[PDB]
């Protein structure tokens, strides 16, 4: 199934934050309405924050996370979780190799903000 694609309410501010856990540099692209809205890049095996940003979901609300490593798309796992019918997390893990820890880039999207 498709992973890393989330439908947010339209025109909504959301946070996106990426962590790295891999020997390879992680490239995280965040697309809003099918256009690149943010790109994070960094290398860490110690969960360093390689990027954090506030974006807007725009007229469509469609948000997609893509992860690549040295130009190769990583395999993604994702889910959205809602607490007390209000607090939203869109969660992404990714695998760039064969050990299947799925933490090589970890991406957390959260809303509402403010």
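Positions refer to the first chain, counted from 1.
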property: Given 75 to 83 and 35 to 43, the range whose Cα B-factors average higher in the PDB entry; result: 35 to 43
property: Residue stretch of maximal mean CA temperature factor, 64 to 72 vs 85 to 93; result: 64 to 72
property: Modelled-residue ranking by C-alpha temperature factor, third containing residue 9; result: middle
property: Residue 21, C-alpha B-factor rank within chain (lowest, middle or highest third); result: middle
